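Enquirer: File follows, structure-v7.cif with mmCIF, C-alpha atoms:
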data_protein
#
loop_
_atom_site.label_atom_id
_atom_site.label_comp_id
_atom_site.auth_asym_id
_atom_site.auth_seq_id
_atom_site.Cartn_x
_atom_site.Cartn_y
_atom_site.Cartn_z
CA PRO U 5 -16.05 111.17 -16.77
CA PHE U 6 -13.96 109.09 -19.22
CA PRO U 7 -11.36 111.48 -20.70
CA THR U 8 -11.37 112.89 -24.24
CA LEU U 9 -9.14 110.93 -26.71
CA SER U 10 -7.16 111.94 -29.78
CA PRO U 11 -8.95 111.60 -33.11
CA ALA U 12 -6.40 108.97 -34.09
CA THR U 13 -7.25 106.91 -31.05
CA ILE U 14 -11.00 107.26 -31.58
CA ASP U 15 -10.54 106.10 -35.20
CA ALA U 16 -8.43 103.13 -34.06
CA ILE U 17 -10.96 101.99 -31.41
CA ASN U 18 -13.69 102.26 -34.10
CA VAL U 19 -11.67 100.21 -36.60
CA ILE U 20 -11.18 97.38 -34.08
CA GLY U 21 -14.84 97.67 -32.95
CA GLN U 22 -16.03 97.29 -36.52
CA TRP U 23 -13.79 94.32 -37.17
CA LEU U 24 -14.92 92.50 -34.00
CA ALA U 25 -18.59 93.08 -34.83
CA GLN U 26 -18.57 92.45 -38.61
CA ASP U 27 -18.17 88.89 -39.87
CA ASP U 28 -16.25 88.95 -43.18
CA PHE U 29 -16.63 85.24 -43.87
CA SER U 30 -20.50 85.43 -44.36
CA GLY U 31 -20.16 88.79 -46.13
CA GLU U 32 -23.63 90.05 -46.86
CA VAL U 33 -25.71 86.90 -47.32
CA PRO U 34 -29.36 87.66 -46.50
CA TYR U 35 -30.43 86.84 -42.91
CA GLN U 36 -32.94 84.06 -43.75
CA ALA U 37 -32.25 81.14 -41.43
CA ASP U 38 -33.78 78.12 -39.78
CA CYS U 39 -32.92 79.22 -36.19
CA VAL U 40 -31.44 82.18 -34.25
CA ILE U 41 -28.88 81.47 -31.54
CA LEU U 42 -28.64 84.08 -28.71
CA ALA U 43 -25.31 83.64 -26.96
CA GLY U 44 -25.51 84.74 -23.37
CA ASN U 45 -24.63 88.36 -22.91
CA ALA U 46 -25.77 91.58 -21.22
CA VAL U 47 -26.21 94.00 -24.13
CA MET U 48 -29.92 94.61 -24.37
CA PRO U 49 -29.87 95.95 -28.00
CA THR U 50 -28.21 92.63 -28.96
CA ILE U 51 -30.63 90.54 -26.95
CA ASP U 52 -33.58 92.43 -28.52
CA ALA U 53 -32.05 91.90 -32.01
CA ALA U 54 -32.19 88.13 -31.47
CA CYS U 55 -35.82 88.17 -30.24
CA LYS U 56 -36.94 90.48 -33.05
CA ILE U 57 -35.54 88.16 -35.76
CA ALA U 58 -37.00 85.00 -34.21
CA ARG U 59 -40.31 86.82 -33.94
CA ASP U 60 -40.32 88.32 -37.43
CA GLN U 61 -39.09 85.18 -39.25
CA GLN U 62 -41.14 82.86 -37.09
CA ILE U 63 -38.17 80.60 -36.43
CA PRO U 64 -36.89 78.88 -33.23
CA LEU U 65 -34.77 80.90 -30.82
CA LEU U 66 -32.07 78.87 -29.09
CA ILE U 67 -30.76 80.69 -26.00
CA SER U 68 -27.39 79.54 -24.79
CA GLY U 69 -25.91 80.52 -21.50
CA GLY U 70 -25.55 79.20 -18.00
CA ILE U 71 -23.25 80.84 -15.47
CA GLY U 72 -19.99 82.53 -16.42
CA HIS U 73 -18.20 85.85 -16.84
CA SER U 74 -21.10 87.85 -18.24
CA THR U 75 -23.79 86.58 -15.73
CA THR U 76 -23.54 89.30 -13.11
CA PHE U 77 -23.45 91.94 -15.91
CA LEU U 78 -26.70 90.55 -17.24
CA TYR U 79 -28.21 90.72 -13.77
CA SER U 80 -27.31 94.44 -13.59
CA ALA U 81 -28.47 95.12 -17.14
CA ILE U 82 -31.95 93.64 -16.35
CA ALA U 83 -32.29 95.60 -13.10
CA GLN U 84 -31.60 98.97 -14.82
CA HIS U 85 -33.83 98.22 -17.81
CA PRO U 86 -37.01 100.31 -17.85
CA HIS U 87 -39.23 97.29 -18.89
CA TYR U 88 -37.26 94.17 -17.97
CA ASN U 89 -36.73 95.01 -14.30
CA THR U 90 -39.68 92.75 -13.48
CA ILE U 91 -37.61 89.66 -14.46
CA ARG U 92 -35.97 87.83 -11.49
CA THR U 93 -32.16 87.61 -11.83
CA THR U 94 -29.89 86.54 -8.95
CA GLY U 95 -29.23 82.81 -8.92
CA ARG U 96 -30.76 82.03 -12.35
CA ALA U 97 -28.93 80.98 -15.44
CA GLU U 98 -28.49 83.52 -18.25
CA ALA U 99 -30.66 81.63 -20.70
CA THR U 100 -33.57 81.38 -18.22
CA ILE U 101 -33.63 85.17 -17.78
CA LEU U 102 -33.24 85.82 -21.52
CA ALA U 103 -36.16 83.42 -22.21
CA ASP U 104 -38.32 85.64 -19.99
CA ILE U 105 -37.55 88.58 -22.25
CA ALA U 106 -38.27 86.44 -25.32
CA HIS U 107 -41.57 85.14 -24.00
CA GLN U 108 -42.85 87.82 -21.63
CA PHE U 109 -41.93 90.88 -23.65
CA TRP U 110 -41.54 89.74 -27.27
CA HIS U 111 -44.44 87.25 -27.02
CA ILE U 112 -42.47 84.39 -28.56
CA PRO U 113 -44.27 81.11 -27.77
CA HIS U 114 -42.75 78.60 -25.39
CA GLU U 115 -42.70 76.01 -28.18
CA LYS U 116 -40.36 78.28 -30.16
CA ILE U 117 -37.81 78.91 -27.38
CA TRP U 118 -35.08 76.30 -26.80
CA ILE U 119 -33.11 76.81 -23.56
CA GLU U 120 -29.50 75.77 -23.13
CA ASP U 121 -28.82 76.87 -19.58
CA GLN U 122 -25.56 75.12 -18.56
CA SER U 123 -22.69 76.61 -20.67
CA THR U 124 -20.04 78.54 -18.72
CA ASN U 125 -18.08 80.23 -21.51
CA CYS U 126 -18.01 80.87 -25.22
CA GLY U 127 -16.66 77.44 -26.22
CA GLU U 128 -19.50 75.74 -24.26
CA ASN U 129 -22.18 78.14 -25.63
CA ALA U 130 -21.14 76.94 -29.06
CA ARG U 131 -20.48 73.30 -28.28
CA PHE U 132 -23.75 72.83 -26.39
CA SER U 133 -25.77 74.83 -29.00
CA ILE U 134 -24.37 72.55 -31.70
CA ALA U 135 -25.29 69.46 -29.59
CA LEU U 136 -28.89 70.69 -29.31
CA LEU U 137 -29.11 71.60 -32.99
CA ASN U 138 -27.89 68.09 -33.93
CA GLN U 139 -30.83 66.61 -32.00
CA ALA U 140 -33.13 68.55 -34.28
CA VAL U 141 -36.53 67.48 -35.29
CA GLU U 142 -36.66 69.70 -38.41
CA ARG U 143 -33.01 69.77 -39.52
CA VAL U 144 -31.21 73.15 -39.24
CA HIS U 145 -29.10 74.20 -42.23
CA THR U 146 -28.46 77.83 -41.42
CA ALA U 147 -28.40 79.57 -38.04
CA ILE U 148 -27.98 83.25 -37.16
CA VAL U 149 -25.61 83.76 -34.23
CA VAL U 150 -26.32 86.79 -32.07
CA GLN U 151 -23.57 87.82 -29.58
CA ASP U 152 -22.21 91.01 -27.82
CA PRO U 153 -20.49 92.87 -30.70
CA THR U 154 -17.10 92.71 -28.95
CA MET U 155 -17.22 88.92 -28.80
CA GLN U 156 -18.92 88.30 -32.14
CA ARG U 157 -15.74 87.50 -34.03
CA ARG U 158 -14.48 85.06 -31.40
CA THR U 159 -17.83 83.38 -31.24
CA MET U 160 -18.13 82.81 -34.96
CA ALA U 161 -14.53 81.48 -35.06
CA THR U 162 -15.48 79.06 -32.21
CA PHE U 163 -18.55 77.74 -34.03
CA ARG U 164 -16.43 77.40 -37.22
CA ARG U 165 -13.66 75.47 -35.32
CA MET U 166 -16.28 72.90 -34.37
CA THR U 167 -18.07 72.36 -37.68
CA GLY U 168 -16.12 74.18 -40.41
CA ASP U 169 -18.13 76.24 -42.90
CA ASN U 170 -18.46 77.08 -46.56
CA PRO U 171 -17.60 80.61 -47.72
CA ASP U 172 -19.95 80.16 -50.68
CA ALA U 173 -22.77 79.00 -48.42
CA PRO U 174 -22.24 79.89 -44.79
CA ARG U 175 -24.24 77.79 -42.29
CA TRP U 176 -23.36 80.26 -39.49
CA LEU U 177 -24.54 83.83 -40.09
CA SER U 178 -23.56 86.69 -37.79
CA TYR U 179 -25.79 89.45 -36.43
CA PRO U 180 -24.67 91.22 -33.25
CA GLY U 181 -27.33 93.92 -33.90
CA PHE U 182 -25.11 96.98 -34.29
CA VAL U 183 -21.53 98.20 -34.91
CA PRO U 184 -20.22 99.97 -31.78
CA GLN U 185 -18.86 103.47 -32.41
CA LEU U 186 -17.32 105.99 -30.02
CA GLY U 187 -16.66 109.68 -30.37
CA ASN U 188 -15.62 112.70 -28.31
CA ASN U 189 -18.31 114.95 -26.81
CA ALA U 190 -18.06 117.69 -24.10
CA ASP U 191 -14.72 116.73 -22.50
CA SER U 192 -15.49 112.98 -22.54
CA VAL U 193 -15.95 109.90 -24.81
CA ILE U 194 -19.51 108.64 -25.60
CA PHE U 195 -21.12 106.06 -27.90
CA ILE U 196 -22.44 107.46 -31.12
CA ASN U 197 -24.97 104.55 -31.42
CA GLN U 198 -28.24 105.93 -30.10
CA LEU U 199 -29.08 102.81 -28.11
CA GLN U 200 -29.96 102.17 -24.47
CA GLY U 201 -28.20 99.55 -22.40
CA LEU U 202 -24.66 99.84 -23.81
CA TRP U 203 -21.57 98.99 -21.71
CA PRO U 204 -19.86 101.84 -19.90
CA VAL U 205 -17.01 102.96 -22.18
CA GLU U 206 -14.42 101.55 -19.72
CA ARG U 207 -16.07 98.10 -19.85
CA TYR U 208 -16.37 98.17 -23.66
CA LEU U 209 -12.68 99.05 -23.95
CA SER U 210 -11.66 96.26 -21.54
CA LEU U 211 -13.68 93.73 -23.60
CA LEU U 212 -12.43 95.04 -26.95
CA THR U 213 -8.84 94.99 -25.88
CA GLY U 214 -9.28 91.58 -24.13
CA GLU U 215 -10.38 89.93 -27.35
CA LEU U 216 -7.32 90.83 -29.42
CA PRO U 217 -4.79 88.52 -27.70
CA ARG U 218 -7.34 85.69 -27.74
CA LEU U 219 -7.89 86.08 -31.45
CA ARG U 220 -4.14 86.38 -32.18
CA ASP U 221 -2.87 82.99 -33.50
CA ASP U 222 0.28 82.63 -31.46
CA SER U 223 1.21 80.39 -28.53
CA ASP U 224 -0.73 82.59 -26.06
CA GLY U 225 -3.90 82.89 -28.22
CA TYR U 226 -7.03 80.74 -28.62
CA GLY U 227 -6.13 79.67 -32.18
CA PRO U 228 -4.49 76.49 -33.62
CA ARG U 229 -1.01 77.61 -32.41
CA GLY U 230 -2.41 78.17 -28.88
CA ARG U 231 -5.39 76.71 -27.08
CA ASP U 232 -6.98 75.42 -30.34
CA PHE U 233 -10.43 76.72 -29.29
CA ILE U 234 -11.00 78.76 -32.49
CA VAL U 235 -9.98 78.76 -36.15
CA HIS U 236 -6.98 80.77 -37.38
CA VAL U 237 -7.83 84.46 -37.48
CA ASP U 238 -6.09 86.66 -40.09
CA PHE U 239 -5.63 90.19 -38.73
CA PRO U 240 -6.04 92.95 -41.33
CA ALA U 241 -3.16 95.42 -41.50
CA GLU U 242 -5.66 98.21 -40.54
CA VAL U 243 -6.51 96.37 -37.33
CA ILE U 244 -2.87 95.82 -36.45
CA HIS U 245 -2.20 99.56 -36.93
CA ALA U 246 -5.24 100.37 -34.79
CA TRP U 247 -4.08 97.98 -32.04
CA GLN U 248 -0.57 99.53 -32.06
CA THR U 249 -2.14 103.03 -31.86
CA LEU U 250 -3.99 101.99 -28.71
CA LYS U 251 -0.93 100.36 -27.16
CA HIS U 252 0.97 103.65 -27.61
CA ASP U 253 -1.71 105.99 -26.28
CA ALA U 254 -0.67 107.12 -22.81
CA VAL U 255 -3.90 109.04 -22.08
CA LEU U 256 -5.84 105.88 -22.86
CA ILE U 257 -3.69 103.56 -20.74
CA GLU U 258 -4.00 105.99 -17.83
CA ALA U 259 -7.82 106.07 -18.23
CA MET U 260 -8.09 102.26 -18.45
CA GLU U 261 -5.75 101.37 -15.60
CA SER U 262 -6.92 103.96 -13.03
CA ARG U 263 -10.59 102.90 -13.35
CA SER U 264 -12.98 99.97 -13.01
CA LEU U 265 -12.76 98.08 -16.32
#
Just give me the structure as structure tokens.
Expert:
Amino acid sequence: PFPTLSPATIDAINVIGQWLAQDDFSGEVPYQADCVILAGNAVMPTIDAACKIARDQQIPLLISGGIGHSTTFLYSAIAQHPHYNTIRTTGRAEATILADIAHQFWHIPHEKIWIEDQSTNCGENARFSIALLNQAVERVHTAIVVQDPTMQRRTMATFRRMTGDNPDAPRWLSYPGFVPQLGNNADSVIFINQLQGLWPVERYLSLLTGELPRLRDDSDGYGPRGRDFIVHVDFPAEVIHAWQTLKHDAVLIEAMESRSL
């Protein structure tokens, strides 16, 4: 089992988790939109959040994802799901599989599901979703973007690199579905969110820690001073402290490097 961690380290992980999940830019604008965009991922609570909104608001659901890094995770996440195991996986694009959940299980009509099944990474999820939105029949002014909580911040900064946005009137709203939180229990670390289908802690920590150098606006990052894939990200001082706390935690490094991430 994944080892127990110091309270300081738990706190730090939770600070960075919160920041990656919670979009500051759009603050707390109500989630009333013209379309919901589900970026390809494997986190079933997130995927269900997208379907639930499109269902409840009776708006179009645009599902974006072809084949890339998260595809085989999605395949596994379907196969272990107590209801969605009936959906065929191997060899299909992400968005095709996710449309089966939307239609077969959430009863969203075909005419309300738009499938973008060719993107191979975050930049293409966003670029290709924008391309499809720009072809719109009924013009889209506001869209809710639903992504794995660890990659939410990157994804919103990718969309915003492409179109810009207005802080007084955000066109891109952010709803990963939940704010991931860890805690110690019985000689191990567990999620405190009472949700099925979450990453193994080791995988969540690999993702969470993989995002930070991408977000960091230096020559090695995805920002304007690096690859120029995303807008400049300003790191809060609390997040920097949290990231240093992780980098200095020997128990944590040992756990993360001796295991499957």
Enquirer: To verify the selection step, state as a PyMOL selection string which residues the PyMOL selection byres ((chain U and resi 36) around 9) yields on this input.
Expert: chain U and resi 33-35+37-39+61+146-148
Enquirer: Residues picked by the PyMOL selection byres ((chain U and resi 178) around 6) here, as a list in words?
Expert: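 Evaluating the PyMOL selection byres ((chain U and resi 178) around 6) on these coordinates yields residues 148, 149, 177 and 179 of chain U.
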Enquirer: Going by the chain IDs and residue numbers used in this file, which residues fall under the PyMOL selection byres ((chain U and resi 210) around 12)? Write them as number ranges by chain.
Expert: U: 17, 21, 154-155, 203-209, 211-216, 250, 256-257, 259-261, 263-265
Enquirer: Residues near residue 50 in chain U, anyone? I mean within 6 Å using only C-alpha atoms, not counting same-chain ones fewer than 2 positions away, as a list in words.
Expert: residues 47, 48, 52, 53, 180 and 181 of chain U
Enquirer: Write out, as CSV, each residue of range 50-83 of chain U that has an atom at most 7 Å from range 125-141 of chain U, together with the closest pair of atoms and their distance in Å to one decimal, counting all atoms listed in the file, rows going by chain and rising number.
Expert:
residue,atom,partner,partner_atom,distance
U:68,CA,U:129,CA,5.5
U:69,CA,U:129,CA,6.1
U:72,CA,U:125,CA,5.9
